[PDB]
Amino acid sequence: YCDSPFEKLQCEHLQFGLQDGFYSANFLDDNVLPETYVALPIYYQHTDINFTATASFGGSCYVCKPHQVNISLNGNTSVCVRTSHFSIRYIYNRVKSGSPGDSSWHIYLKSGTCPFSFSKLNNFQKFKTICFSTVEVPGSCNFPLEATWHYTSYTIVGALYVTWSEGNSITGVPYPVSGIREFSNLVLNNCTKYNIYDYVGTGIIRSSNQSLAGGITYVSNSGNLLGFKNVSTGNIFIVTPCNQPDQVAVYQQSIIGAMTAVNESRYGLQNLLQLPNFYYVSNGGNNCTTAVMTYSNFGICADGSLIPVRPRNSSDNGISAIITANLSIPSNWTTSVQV
Amino acid sequence: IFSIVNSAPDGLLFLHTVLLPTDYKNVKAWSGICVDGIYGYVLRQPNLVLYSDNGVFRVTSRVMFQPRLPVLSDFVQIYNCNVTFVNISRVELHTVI
Amino acid sequence: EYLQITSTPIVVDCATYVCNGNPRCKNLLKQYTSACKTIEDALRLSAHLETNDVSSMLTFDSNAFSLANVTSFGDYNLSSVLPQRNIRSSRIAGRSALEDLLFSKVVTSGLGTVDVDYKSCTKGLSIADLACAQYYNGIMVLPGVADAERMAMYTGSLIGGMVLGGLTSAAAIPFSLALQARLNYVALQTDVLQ
Amino acid sequence: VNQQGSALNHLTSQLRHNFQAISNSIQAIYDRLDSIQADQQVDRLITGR
Amino acid sequence: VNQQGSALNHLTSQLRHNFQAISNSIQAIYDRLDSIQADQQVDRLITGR
Ligand SMILES: *[C@@H]1O[C@H](CO)[C@@H](O[C@@H]2O[C@H](CO)[C@@H](O[C@@H]3O[C@H](CO[C@H]4O[C@H](CO)[C@@H](O)[C@H](O[C@H]5O[C@H](CO)[C@@H](O)[C@H](O)[C@@H]5O)[C@@H]4O)[C@@H](O)[C@H](O[C@H]4O[C@H](CO)[C@@H](O)[C@H](O)[C@@H]4O[C@H]4O[C@H](CO)[C@@H](O)[C@H](O)[C@@H]4O[C@H]4O[C@H](CO)[C@@H](O)[C@H](O)[C@@H]4O)[C@@H]3O)[C@H](O)[C@H]2NC(C)=O)[C@H](O)[C@H]1NC(C)=O
Ligand SMILES: *[C@@H]1O[C@H](CO)[C@@H](O[C@@H]2O[C@H](CO)[C@@H](O[C@@H]3O[C@H](CO[C@H]4O[C@H](CO)[C@@H](O)[C@H](O)[C@@H]4O)[C@@H](O)[C@H](O[C@H]4O[C@H](CO[C@H]5O[C@H](CO)[C@@H](O)[C@H](O)[C@@H]5O)[C@@H](O)[C@H](O[C@H]5O[C@H](CO)[C@@H](O)[C@H](O)[C@@H]5O)[C@@H]4O)[C@@H]3O)[C@H](O)[C@H]2NC(C)=O)[C@H](O)[C@H]1NC(C)=O
Ligand SMILES: *[C@@H]1O[C@H](CO)[C@@H](O[C@@H]2O[C@H](CO)[C@@H](O[C@@H]3O[C@H](CO[C@H]4O[C@H](CO)[C@@H](O)[C@H](O)[C@@H]4O)[C@@H](O)[C@H](O[C@H]4O[C@H](CO[C@H]5O[C@H](CO)[C@@H](O)[C@H](O)[C@@H]5O)[C@@H](O)[C@H](O[C@H]5O[C@H](CO)[C@@H](O)[C@H](O)[C@@H]5O)[C@@H]4O)[C@@H]3O)[C@H](O)[C@H]2NC(C)=O)[C@H](O)[C@H]1NC(C)=O
Ligand SMILES: *[C@@H]1O[C@H](CO)[C@@H](O[C@@H]2O[C@H](CO)[C@@H](O[C@@H]3O[C@H](CO[C@H]4O[C@H](CO)[C@@H](O)[C@H](O)[C@@H]4O)[C@@H](O)[C@H](O[C@H]4O[C@H](CO[C@H]5O[C@H](CO)[C@@H](O)[C@H](O)[C@@H]5O)[C@@H](O)[C@H](O[C@H]5O[C@H](CO)[C@@H](O)[C@H](O)[C@@H]5O)[C@@H]4O)[C@@H]3O)[C@H](O)[C@H]2NC(C)=O)[C@H](O)[C@H]1NC(C)=O
Ligand SMILES: *[C@@H]1O[C@H](CO)[C@@H](O[C@@H]2O[C@H](CO)[C@@H](O[C@@H]3O[C@H](CO[C@H]4O[C@H](CO[C@H]5O[C@H](CO)[C@@H](O)[C@H](O)[C@@H]5O)[C@@H](O)[C@H](O[C@H]5O[C@H](CO)[C@@H](O)[C@H](O)[C@@H]5O)[C@@H]4O)[C@@H](O)[C@H](O[C@H]4O[C@H](CO)[C@@H](O)[C@H](O)[C@@H]4O)[C@@H]3O)[C@H](O)[C@H]2NC(C)=O)[C@H](O)[C@H]1NC(C)=O
Ligand SMILES: *[C@@H]1O[C@H](CO)[C@@H](O[C@@H]2O[C@H](CO)[C@@H](O[C@@H]3O[C@H](CO[C@H]4O[C@H](CO[C@H]5O[C@H](CO)[C@@H](O)[C@H](O)[C@@H]5O)[C@@H](O)[C@H](O[C@H]5O[C@H](CO)[C@@H](O)[C@H](O)[C@@H]5O)[C@@H]4O)[C@@H](O)[C@H](O[C@H]4O[C@H](CO)[C@@H](O)[C@H](O)[C@@H]4O)[C@@H]3O)[C@H](O)[C@H]2NC(C)=O)[C@H](O)[C@H]1NC(C)=O
Ligand SMILES: *[C@@H]1O[C@H](CO)[C@@H](O[C@@H]2O[C@H](CO)[C@@H](O[C@@H]3O[C@H](CO[C@H]4O[C@H](CO[C@H]5O[C@H](CO)[C@@H](O)[C@H](O)[C@@H]5O)[C@@H](O)[C@H](O[C@H]5O[C@H](CO)[C@@H](O)[C@H](O)[C@@H]5O)[C@@H]4O)[C@@H](O)[C@H](O[C@H]4O[C@H](CO)[C@@H](O)[C@H](O)[C@@H]4O)[C@@H]3O)[C@H](O)[C@H]2NC(C)=O)[C@H](O)[C@H]1NC(C)=O
Ligand SMILES: *[C@@H]1O[C@H](CO)[C@@H](O[C@@H]2O[C@H](CO)[C@@H](O)[C@H](O)[C@H]2NC(C)=O)[C@H](O)[C@H]1NC(C)=O
C-alpha cells in the first residue's frame, strides 16, 4: 500500500526495497483547480446552442435497434455564430413517455475525425467560423452517435457535422456570465490553471510593485511565463510553480534527512537548520562524531545530524641550509610498500 | 629503491618500495675553516656537512647519517674568510684535517 | 601560468525537465522507467568521484602555516600574496590581496554557476533571476569542496614552507639565507660578501 | 567560464522546439484533445526530450 | 568494469522503443499490412536504429 512517507518512494520508483544513497522525490497531487482568463480588450457578446435527441422504442425487437431517433440544433437543421463568444451542450430527453422508460437505453457521442473534442469545445478554444450542421456537406468532419442496451450490442444512429477554419476571433466560454461588459477573471495566492495572453500552465499568481516600463509579458528563454502586467495600470504580477523538487537521503530502509527549499517541516521530519544556500530538515541529535554518507561539503551521519569535513594533517621539514647552527639528520630507516 | 610489476584486469599493478625515517640525530654544524684570518676553506660539494662533537671534527651527508673522517681532497680556497667560521692557526690545522 | 583542476557539478531531474509538473506524464513515463533511472545515477556517480579526488590533495599543515607572516621574509615585499589574517568572523584565513582582483574580473559575470542560493527562488515578489529560472526546470548546481577557506589553508602552507629550513623543531632561518642554498645548486658561490 | 555558460544555455533552449505535435506546452495538448488522443502526441515530445 | 558493462546494456535496450510506427517488431508489421504499405513503416524503425 502506498500510504507511508517511505512506502511512497518505493511506490514511485517501482522497486521493492531500496539501496543506500540520495534519491530525488517530488510527490504530485491530482485535484480540481479554478481557472483564470486574461486577454486583450474586447467587448462581450454571447450565444447558446443546444443539441437534443429524442427517441422511441418497441417495434418488433428491443435489444436490436431503436424505433426512431430525431436530431436537431435549436429546432433548426443548421445554426452558427455571428458573435464573439459561444458555448455548446448536449441534451438527451428521458421524459418522452412521462415515465422514464429510457433507463435501459444509453445514448452518447463518440470520437470522430475532427482534431478536437465535443466536450472540450467550451474551453478557451479559438476559431474563425464553425457552422455546425446535421446534414452532409462537402469538406467536413463528423461525430457519430451511438445507442446501446445495457452495453451488450452497439449500433450507429446518426451524426453531427462540423466545419471550421483557423482564426483568432471566436472563443468558447464555460458558461454565460450575464451582466458583465468585459469577460475577465483572476484568482490569486494559490495554484490555478491560467490562460494569459495565449499562455497555458499552472502556478501561483501574486501581486508586487516594480518600476518597469515596456512590454506586457516577460517570458524566460524556454517558453514559460514569469510575469505579466495589467494594461490599464502599472502594477505587475509574478507567476511561480507550486511544486518544487527535493532531495531525500535513504539509509537502512528509512529516511534520514532531506534538503528542501521551502521553510517548513517535511515528510515526517521536525527539526530545521539553515545552510547558506538551502534548508536542511531532519530529526536527529547533535552528538554523532561519525560519518556514514558524504555529500558536496558535509557528511550526513547515522542519525541525521550534520558534521563538517576536515582536512588532512601532514607535516614536513624543508631542505637544509648552509649555516652555523644545530641541524637534524635522519638516522634510522624503515620501509613501506605502495601500489 | 625498486619496484615490482603484476598483471590485473586489462591493466598493470605496480608495487613501489620506499624508505621512511624513524629517528633523528642532533648535529652541531659549521660553515668552513678560516686559517690565519685571511685564508679560508669550504667544502666543494654542496651535499656535505662539516661538524664537530666534543672536540673531534667529522664529515657526513645531508640525507643519511654516515660519518667518516675528513681528507684534504674535499676543500677549496675561499679567500677573505666570512666571520662565522672556525678560528684556528695553521700550526694546528692537522687536528681537524 | 594557469591550470584548471576542477569543474562545477550538475544534477538534473528527469520528471521535471521532461514535463513541467503535469500529473499526467508520470502515467506515461512508467513505461520508460529504465530510460532516465540510468541518468541521475550516471551523473551523481561522477559528481561523487570528483570530490573524492579533489579533497585528497588539499592537505594542511599547522606549524608551517604560522610562518606565513610578512615579518619573516627579509626585505622582499611579498605582502600582496600572503593571505589576510582577521576577517572578524569564524574563519582562520580569507582570500589573499591578489585573488580579489582576479574575482573582480570574470566570476561576477557568470551569473549562473557560482554561489547561488535557492532560499529566494520560492518567494516571488520579483521577476525571477537567471539562476532561479533554471531551477524551475530541474537543473541544480551543487556546491564545490574547495571553498574560500581551504584554498587559503593549502596555499598558505606552501608559501610558508620556503623559510622552514632544516633546523630544530620550529626554528626559521632568514629568507636571505634560503636563496643562498638555492643558488649553490647552480654553481658554487665564491664571493664572501653578498 | 564562457564555455561553461554556453553548455547550459544550449540545453535549456531546446524546450521551445515543438516536435511533430500540436504545441510545445502539454497543458495545451490536454486541454484540446481527449484522453485517448493526447497519448499519441505527448510521447512525441517525450522521445525528443 | 561497471562502465564497460553499462555501455552495452544501454545499446541493447534501445530496440524496445518503437518509433512512430505500429509496433517494434517487423514481423508483426508485415503480418498485418500489405507490401505497398509496410515500406513506409519499416523505414521509420530503420532510420532510428
Ligand atoms: C526595443 O524595444 C525594447 C522594449 O521597449 C527596448 O527595451 C526597453 O528599453 C527601456 C529604455 O527606456 C527600458 O526601460 C526601463 O526603464 C526603467 C525606468 O527608469 C528609466 O526610465 C524612465 C523613463 O524612460 C526614466 O525617466 C528614468 O529616469 C528617472 O529615474 C532615474 C532612476 O530612478 C533617475 O535617476 C532619473 O533622474 C529620472 O528621475 C530611467 O531613465 C529602468 O529602471 C529600467 O532599468 C533597466 O536598466 C537598469 C540598468 O541596466 C537595470 O538595473 C534594470 O534592471 C533594467 O535592466 C534590465 O533590462 C536590461 C535590458 O533588457 C538588461 O540588460 C538588464 O540586465 C536588466 O535585465 C534583467 O531584468 C529584466 C527585467 O527588468 C529581466 O527580464 C532580465 O532577464 C534580467 O534579469 C529600464 O531602463 C526597458 O526595460 C527595456 N525593456 C526591457 C524588456 O528590458 C529597447 O531599448 C528597444 N531597442 C532599441 C534599440 O531602442
Ligand atoms: C511595495 O509593496 C510593499 C508591500 O507589498 C511595501 O512594503 C510596505 O510598505 C509600507 C509603507 O508603504 C510599510 O508600512 C510601514 O508601516 C510602519 C508602521 O507599521 C507598524 O505598525 C503597524 C500598526 O500601526 C503594524 O501593523 C505593523 O506591523 C508595524 O508594526 C511605518 O512606521 C512605516 O513608515 C516609516 O517609514 C516611512 C519611510 O520609510 C523610509 O525608510 C524605509 C526604510 O526604513 C524605506 O524602505 C522607505 O522607502 C522610506 O525611504 C516614514 O514616512 C514613516 O514616518 C516618518 O515620517 C513621519 C512624518 O509623516 C515622522 O513623524 C516619522 O518620525 C518618520 O520620520 C515611518 O518612519 C511604513 O509606513 C510596510 O511595513 C511595508 N511592508 C513590508 C513587508 O516591508 C512597499 O512599501 C511598496 N513599495 C516599494 C517601493 O517597495
Ligand atoms: C522560517 O520559519 C520559521 C518558523 O517556523 C521562522 O522562525 C521564526 O522566525 C521569527 C522571525 O524571524 C522568530 O521571531 C518570532 O517572531 C514572532 C512573530 O513576530 C513577527 O511577526 C509579527 C506579526 O505576526 C510582527 O508584528 C513582529 O514584529 C515580528 O516581525 C514572535 O511572535 C516571536 O515571539 C515569541 O517569543 C515571545 C517571547 O520572546 C522573548 O522571551 C523569550 C523568553 O521567554 C526570549 O528567549 C526571547 O529572546 C524574547 O526576549 C513570546 O511572547 C511570543 O508570543 C508567545 O506568548 C504570547 C503570550 O505571551 C502568546 O499569546 C503567543 O501565542 C506565544 O505563545 C513568541 O512565542 C518571535 O519574536 C521566531 O523565534 C522563529 N521561530 C523559531 C522557532 O525559531 C524563520 O524565521 C523562518 N525563516 C526565514 C528565513 O524567514
Ligand atoms: C645547539 O646544540 C648544543 C648541544 O647540542 C646546545 O648546547 C646546549 O644548550 C643548552 C640550551 O638549551 C644548554 O642547556 C642549558 O643549561 C643551563 C645550565 O648550564 C650552566 O651550567 C653548566 C654546568 O651544568 C655549565 O657548563 C654552563 O656553562 C652553564 O653555566 C640551563 O640554565 C639552561 O636552562 C635554561 O632554559 C630553561 C628552559 O626551561 C623552559 O623555559 C623556556 C622559556 O624560557 C621554554 O621555552 C623551554 O622550552 C623550557 O621548557 C629554563 O627553565 C632555565 O631557567 C633556569 O634558570 C633561571 C635563571 O636563569 C631560574 O630562574 C629558573 O628557575 C631555572 O632554574 C634556563 O633559563 C639550559 O638547560 C646546554 O648546557 C648546552 N650544552 C652544550 C654541551 O653546549 C646549543 O645551545 C644549541 N644551540 C642552539 C642555537 O640551539
Ligand atoms: C421525430 O420526428 C418525427 C417527424 O415529425 C415525428 O413524427 C411525428 O409525430 C407526431 C406525434 O404526434 C405526429 O403528430 C400527429 O400528426 C397527425 C397528422 O398526421 C398526418 O399524417 C397521417 C399519415 O402519416 C402517417 O402515415 C404515412 C403513410 O401514409 C407515413 O409515411 C407517416 O410517417 C405517418 O406514419 C394522416 O393519417 C393524418 O390524417 C389525419 O388528419 C386529417 C386532417 O388533417 C384527417 O382528415 C384524417 O382522418 C387523420 O385524422 C395527417 O395527415 C395529427 O393528426 C396528430 O394530432 C394529434 O393531436 C391532436 C390534438 O391537436 C389530437 O386530437 C389527435 O388525436 C392526435 O393525438 C398529431 O399531431 C406527426 O404526424 C409525426 N410526423 C409524421 C410525418 O408523421 C416523431 O414523433 C418524432 N419523434 C418523437 C419521439 O416524437
Ligand atoms: C555526547 O556523546 C557522548 C558519547 O556518545 C555521551 O557520553 C555518554 O554519556 C552518558 C550519560 O552521561 C553515559 O551514560 C552513563 O554511563 C554511566 C557509566 O559510564 C561511565 O562508566 C563506565 C563504566 O561503568 C560501568 O562499570 C563500572 C565498573 O567498572 C560499574 O561500577 C558501573 O556501574 C558501570 O556498570 C565507563 O566505561 C565509561 O567510560 C566510557 O567513556 C570512556 C571515555 O571517556 C571510554 O574509554 C570507556 O570505554 C567508556 O566508553 C563512563 O566513564 C552510567 O552509570 C549511567 O547510568 C545512568 O543511567 C542508567 C539508565 O540507563 C541508570 O539506571 C543509572 O542509575 C544512571 O543514572 C549512564 O548509562 C555514556 O556512558 C557516555 N558514553 C561514552 C562513550 O562515554 C555524552 O553524554 C553526550 N552528551 C554530551 C553533552 O557530551
Ligand atoms: C603577524 O604577526 C603580528 C604580530 O604583531 C600579528 O599582529 C598581531 O595580531 C594579533 C592577533 O591575535 C593582535 O592581537 C590582538 O590584540 C587586541 C588588543 O589590542 C587592542 O586593545 C588594546 C587595549 O587592550 C588592553 O587592555 C585590555 C583591558 O581593557 C587588556 O585585556 C589587553 O590585554 C590590553 O592590555 C588597544 O590598546 C589596542 O590599540 C593599539 O593599536 C592601535 C592601532 O590599532 C593604537 O592606536 C593604540 O594606541 C594601541 O597601540 C587594540 O585596540 C585584542 O583585542 C585581540 O583579540 C583579543 O580580544 C578578543 C576580545 O575582543 C579575544 O576574544 C581574543 O582572544 C584576544 O584576547 C588580539 O589578541 C595584535 O595586536 C597584532 N599586533 C600587531 C602589531 O598588529 C599579525 O596578525 C600576524 N600576521 C598574520 C598573517 O598572522
Ligand atoms: C417490427 O415492428 C416494427 C413496428 O412494429 C416494424 O417497423 C416499423 O413499423 C411502423 C409501423 O407503425 C412504421 O411506422 C415504421 O416506419 C417501421 N420502421 C421501419 C424501419 O420500417 C418492422 O417492420 C417489424 N419487423 C422487423 C423489424 O423485422
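Residues numbered from 1 in each chain as written, not as in the entry; some residues may be left out. Chains lettered and ligands numbered in written order. Part of a larger assembly, values for the part shown. Heavy atoms only, no water.

Method of structure determination, per the deposited record: cryo-EM was used for this entry, reaching 3.39 Å resolution.

Caption draft 1: Just helix α3 (residues 35-48) of chain E, in detail. Residues and elements named next belong to chain E. Its 14 residues place the ends of α3 21 Å apart at the C-alpha level, agreeing with the 20 Å of an ideal helix rising 1.5 Å per residue. For α3, the set of buried residues is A38, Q41, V42 and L45. Between the side-chain oxygen at the start of α3 and the backbone nitrogen of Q37 there is a gap of 3.4 Å, and the oxygen is on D34. (Helix = DSSP H or I, 4+ residues; strand = E, 2+ residues; numbered from the N terminus. Expected span 1.5 Å × (residues − 1). Buried < 20%, exposed > 50% of the residue type's maximum accessible area, 1.4 Å probe, protein only. Polar contact = N/O pair within 3.5 Å; in protein donor to acceptor, adjacent residues only side chain to side chain.)

Caption draft 2: Local environment of the site of ligand 5. Around ligand 5, the structure places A55, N70 and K96 of chain A. Take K96 of chain A: an N or O atom from its side chain is 3.2 Å from an oxygen atom of ligand 5. (Near = heavy atom within 4 Å.)

Caption draft 3: Broad picture of the pairing of strand β10 (residues 141-149) of chain A. Residues and elements named next belong to chain A. Relative to β10, strand β8 (residues 105-109) runs antiparallel, the two sharing five bridges. When the sheet's bridge partners are listed, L109 is paired in β10 with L145. As paired strands, β10 and strand β11 (residues 154-162) are joined by seven bridges and run antiparallel to one another. Residue pairing for β11: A147 is matched across the bridge by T155. Count of turn residues in the β10/β11 antiparallel hairpin: four residues, of which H150 carries a positive phi of about 55°. (Pairing = 2+ DSSP bridges.)

Caption draft 4: The arrangement of the UniProt feature "disulfide bond" in chain A in detail. Residue and element names in this part refer to chain A. Here the bond UniProt gives for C2 and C11 holds up, since the two sulfurs are only 2.0 Å apart. Exposure remark for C2: the relative accessible area of 40% places this residue in the partly exposed category. The partly exposed category is assigned to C11, whose relative accessible area is 32%. With sulfur atoms 2.1 Å apart, the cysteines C80 and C131 match their UniProt disulfide annotation in this structure. With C80 in the loop between β5 (68-72) and β6 (85-88) and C131 in the loop between β9 (126-129) and β10, the pair connects residues that are 51 residues apart, well separated along the chain. Accessibility expressed as a relative area gives 31% for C131, which makes it partly exposed. (Disulfide = S-S within 2.5 Å. UniProt positions renumbered as here; feature names shortened; annotations may be inferred.)

Caption draft 5: Seen up close, the pattern of salt bridges. Residues and elements named next belong to chain A. Under the definition given, this model contains six salt bridges over all chains. Of the charged contacts in the structure, one is a salt bridge between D198 and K126, with a shortest N-O distance of 3.1 Å. Taken together, the positions of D198 in the loop between β13 (193-196) and β14 (204-207) and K126 in strand β9 put the pair 72 residues apart, joining distant regions of the chain. With a closest N to O distance of 3.6 Å, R266 and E264 form a salt bridge. (Salt bridge = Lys/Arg side-chain N within 4 Å of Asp/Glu carboxyl O.)

Caption draft 6: Looking closely at the packing of aromatic side chains. Counted under the stated rule, the structure contains 18 aromatic pairs over all chains. Members of the aromatic cluster, each reached through a chain of ring pairs, are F22, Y280, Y295 and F298 of chain A. The ring of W30 of chain B has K28 of chain B lying over it, and the distance from NZ or CZ to the ring centre is 4.0 Å. In this structure, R24 of chain C packs its charged tip against the face of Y30 of chain D, placed 5.2 Å from the ring centre. (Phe/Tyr/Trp six-rings, centres within 6.5 Å; stacked < 30°, edge-to-face > 60°. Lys NZ or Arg CZ within 6 Å of the ring centre and 35° of its normal.)

Caption draft 7: Geometry of the interface of chain C and chain A. Contacts between the two partners involve 45 residues from chain C and, on the opposite side, 53 residues from chain A. Between chain C and chain A, a total of about 4300 Å² is buried, with carbon and sulfur atoms accounting for 56% of that surface. When the buried area of chain C at its contact with chain A is split by residue, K119, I127 and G166 of chain C rank highest and sum to 15% of it. In this assembly, chain C and chain A are joined by zero salt bridges. Elements supplying a minimum of two residues to the side of chain C that touches chain A: α3 (37-54), β2 (59-60), α5 (130-135) and α6 (148-154) of chain C. In terms of residue class, the side of chain C that touches chain A is made up of 21 nonpolar, 14 polar and 10 charged. (Contact = heavy atoms within 4.5 Å. Buried area = accessible area lost by both parts, 1.4 Å probe. Nonpolar A, V, L, I, M, F, W, Y, C, P; charged D, E, K, R; others polar.)

Caption draft 8: Here's a closer look at the UniProt feature "disulfide bond" in chain C. Residue and element names in this part refer to chain C. Of the disulfides listed in UniProt, the one joining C14 and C36 is reproduced in the coordinates: its sulfurs are separated by 2.0 Å, less than 2.5 Å. With a gap of 22 residues between them, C14 in helix α1 (residues 14-18) and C36 in the loop between α2 (26-29) and α3 connect regions that are remote in the sequence. Note on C14: relative accessible area 14%, which makes it buried. Disulfide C121/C132 (UniProt): S-S 2.0 Å, present in this structure. With a gap of 11 residues between them, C121 in the loop between α4 (99-103) and α5 and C132 in helix α5 connect regions that are remote in the sequence. The same class applies to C121 and to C132, which are both buried.

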